[PDB]
$ cat my_file.pdb   # PDB, C-alpha atoms
ATOM      1  CA  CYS U   1      -8.577  -7.375   4.548  1.00  0.00           C
ATOM      2  CA  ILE U   2      -6.506  -4.474   5.932  1.00  0.00           C
ATOM      3  CA  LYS U   3      -2.707  -3.904   5.600  1.00  0.00           C
ATOM      4  CA  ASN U   4      -0.669  -2.845   2.547  1.00  0.00           C
ATOM      5  CA  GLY U   5      -1.017  -6.276   0.995  1.00  0.00           C
ATOM      6  CA  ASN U   6      -4.632  -7.095   0.294  1.00  0.00           C
ATOM      7  CA  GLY U   7      -7.210  -6.306  -2.366  1.00  0.00           C
ATOM      8  CA  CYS U   8      -9.152  -3.111  -1.825  1.00  0.00           C
ATOM      9  CA  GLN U   9      -9.799  -1.292  -5.116  1.00  0.00           C
ATOM     10  CA  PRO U  10      -9.145  -3.697  -8.063  1.00  0.00           C
ATOM     11  CA  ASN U  11     -11.320  -1.711 -10.499  1.00  0.00           C
ATOM     12  CA  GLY U  12     -12.935   0.954  -8.336  1.00  0.00           C
ATOM     13  CA  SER U  13     -16.131  -1.011  -7.687  1.00  0.00           C
ATOM     14  CA  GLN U  14     -16.775   1.004  -4.519  1.00  0.00           C
ATOM     15  CA  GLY U  15     -13.529  -0.198  -2.992  1.00  0.00           C
ATOM     16  CA  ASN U  16     -13.424  -0.088   0.786  1.00  0.00           C
ATOM     17  CA  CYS U  17     -11.147  -1.721   3.336  1.00  0.00           C
ATOM     18  CA  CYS U  18     -12.309  -2.917   6.756  1.00  0.00           C
ATOM     19  CA  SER U  19      -9.660  -0.676   8.323  1.00  0.00           C
ATOM     20  CA  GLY U  20     -11.343   2.307   6.724  1.00  0.00           C
ATOM     21  CA  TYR U  21      -8.257   3.271   4.817  1.00  0.00           C
ATOM     22  CA  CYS U  22      -6.970   2.277   1.395  1.00  0.00           C
ATOM     23  CA  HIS U  23      -4.281   3.254  -1.122  1.00  0.00           C
ATOM     24  CA  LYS U  24      -4.358   3.345  -4.910  1.00  0.00           C
ATOM     25  CA  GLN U  25      -2.023   5.210  -7.223  1.00  0.00           C
ATOM     26  CA  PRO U  26      -2.938   6.074 -10.856  1.00  0.00           C
ATOM     27  CA  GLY U  27      -0.712   3.306 -12.182  1.00  0.00           C
ATOM     28  CA  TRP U  28      -1.270  -0.123 -10.681  1.00  0.00           C
ATOM     29  CA  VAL U  29      -4.487  -1.987 -11.445  1.00  0.00           C
ATOM     30  CA  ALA U  30      -5.618  -3.180  -8.025  1.00  0.00           C
ATOM     31  CA  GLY U  31      -5.322  -0.795  -5.105  1.00  0.00           C
ATOM     32  CA  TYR U  32      -4.298  -2.308  -1.782  1.00  0.00           C
ATOM     33  CA  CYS U  33      -5.413  -1.481   1.749  1.00  0.00           C
ATOM     34  CA  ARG U  34      -3.525   0.833   4.077  1.00  0.00           C
ATOM     35  CA  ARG U  35      -3.406   1.203   7.856  1.00  0.00           C
ATOM     36  CA  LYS U  36      -1.623   4.560   8.118  1.00  0.00           C
TER      37      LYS U  36
END
$ encode --input "my_file.pdb" --output "structure tokens"
Amino acid sequence: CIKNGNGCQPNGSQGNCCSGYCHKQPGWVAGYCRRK
């Protein structure tokens, strides 16, 4: 969990990262976490 290299929003099933911040662009399938 956490960091720009971990699953967070693969298919929008209420995606949420422990950090409390994520990142998903309208292109890639699975959105990864984000710290800042």
$ resolve_selection --input "my_file.pdb" --expression "the PyMOL selection byres ((chain U and resi 12) around 10)" --output "PDB file with C-alpha atoms, in the coordinates of the input"
ATOM      1  CA  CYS U   8      -9.152  -3.111  -1.825  1.00  0.00           C
ATOM      2  CA  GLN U   9      -9.799  -1.292  -5.116  1.00  0.00           C
ATOM      3  CA  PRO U  10      -9.145  -3.697  -8.063  1.00  0.00           C
ATOM      4  CA  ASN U  11     -11.320  -1.711 -10.499  1.00  0.00           C
ATOM      5  CA  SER U  13     -16.131  -1.011  -7.687  1.00  0.00           C
ATOM      6  CA  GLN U  14     -16.775   1.004  -4.519  1.00  0.00           C
ATOM      7  CA  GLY U  15     -13.529  -0.198  -2.992  1.00  0.00           C
ATOM      8  CA  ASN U  16     -13.424  -0.088   0.786  1.00  0.00           C
ATOM      9  CA  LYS U  24      -4.358   3.345  -4.910  1.00  0.00           C
ATOM     10  CA  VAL U  29      -4.487  -1.987 -11.445  1.00  0.00           C
ATOM     11  CA  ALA U  30      -5.618  -3.180  -8.025  1.00  0.00           C
ATOM     12  CA  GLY U  31      -5.322  -0.795  -5.105  1.00  0.00           C
TER      13      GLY U  31
END
$ atom_distance --input "my_file.pdb" --atom1 "atom CA of residue U:5" --atom2 "atom CA of residue U:25"
14.2 Å
$ resolve_selection --input "my_file.pdb" --expression "the PyMOL selection byres ((chain U and resi 20) around 12)" --output "number ranges by chain"
U: 1-3, 8, 15-19, 21-23, 32-36
$ axis_aligned_box --input "my_file.pdb" --around "stretch 5-13 of chain U" --padding-each-side "4 Å" --output "JSON"
{"center_x": -8.6, "center_y": -3.1, "center_z": -4.8, "size_x": 23.1, "size_y": 16.0, "size_z": 19.5}
$ build_atoms --input "my_file.pdb" --residues "stretch 6-17 of chain U" --atoms "N, CA and C atoms" --output "PDB file, keeping the file's coordinate frame"
ATOM      1  N   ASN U   6      -3.339  -6.448   0.433  1.00  0.00           N
ATOM      2  CA  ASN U   6      -4.632  -7.095   0.294  1.00  0.00           C
ATOM      3  C   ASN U   6      -5.504  -6.282  -0.648  1.00  0.00           C
ATOM      4  N   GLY U   7      -6.340  -6.971  -1.414  1.00  0.00           N
ATOM      5  CA  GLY U   7      -7.210  -6.306  -2.366  1.00  0.00           C
ATOM      6  C   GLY U   7      -8.144  -5.308  -1.719  1.00  0.00           C
ATOM      7  N   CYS U   8      -8.288  -4.155  -2.345  1.00  0.00           N
ATOM      8  CA  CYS U   8      -9.152  -3.111  -1.825  1.00  0.00           C
ATOM      9  C   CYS U   8      -9.905  -2.411  -2.954  1.00  0.00           C
ATOM     10  N   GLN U   9      -9.179  -1.976  -3.982  1.00  0.00           N
ATOM     11  CA  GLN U   9      -9.799  -1.292  -5.116  1.00  0.00           C
ATOM     12  C   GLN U   9      -9.255  -1.822  -6.447  1.00  0.00           C
ATOM     13  N   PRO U  10      -9.609  -3.066  -6.816  1.00  0.00           N
ATOM     14  CA  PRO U  10      -9.145  -3.697  -8.063  1.00  0.00           C
ATOM     15  C   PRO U  10      -9.586  -2.947  -9.325  1.00  0.00           C
ATOM     16  N   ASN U  11     -10.815  -2.438  -9.335  1.00  0.00           N
ATOM     17  CA  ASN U  11     -11.320  -1.711 -10.499  1.00  0.00           C
ATOM     18  C   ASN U  11     -12.280  -0.598 -10.086  1.00  0.00           C
ATOM     19  N   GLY U  12     -12.124  -0.135  -8.854  1.00  0.00           N
ATOM     20  CA  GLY U  12     -12.935   0.954  -8.336  1.00  0.00           C
ATOM     21  C   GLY U  12     -14.413   0.632  -8.175  1.00  0.00           C
ATOM     22  N   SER U  13     -14.740  -0.617  -7.894  1.00  0.00           N
ATOM     23  CA  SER U  13     -16.131  -1.011  -7.687  1.00  0.00           C
ATOM     24  C   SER U  13     -16.546  -0.710  -6.250  1.00  0.00           C
ATOM     25  N   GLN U  14     -16.444   0.564  -5.870  1.00  0.00           N
ATOM     26  CA  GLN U  14     -16.775   1.004  -4.519  1.00  0.00           C
ATOM     27  C   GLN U  14     -15.836   0.334  -3.524  1.00  0.00           C
ATOM     28  N   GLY U  15     -14.543   0.407  -3.831  1.00  0.00           N
ATOM     29  CA  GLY U  15     -13.529  -0.198  -2.992  1.00  0.00           C
ATOM     30  C   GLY U  15     -13.510   0.373  -1.592  1.00  0.00           C
ATOM     31  N   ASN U  16     -13.440  -0.505  -0.605  1.00  0.00           N
ATOM     32  CA  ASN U  16     -13.424  -0.088   0.786  1.00  0.00           C
ATOM     33  C   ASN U  16     -12.805  -1.174   1.657  1.00  0.00           C
ATOM     34  N   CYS U  17     -11.824  -0.791   2.452  1.00  0.00           N
ATOM     35  CA  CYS U  17     -11.147  -1.721   3.336  1.00  0.00           C
ATOM     36  C   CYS U  17     -11.765  -1.669   4.726  1.00  0.00           C
TER      37      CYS U  17
END
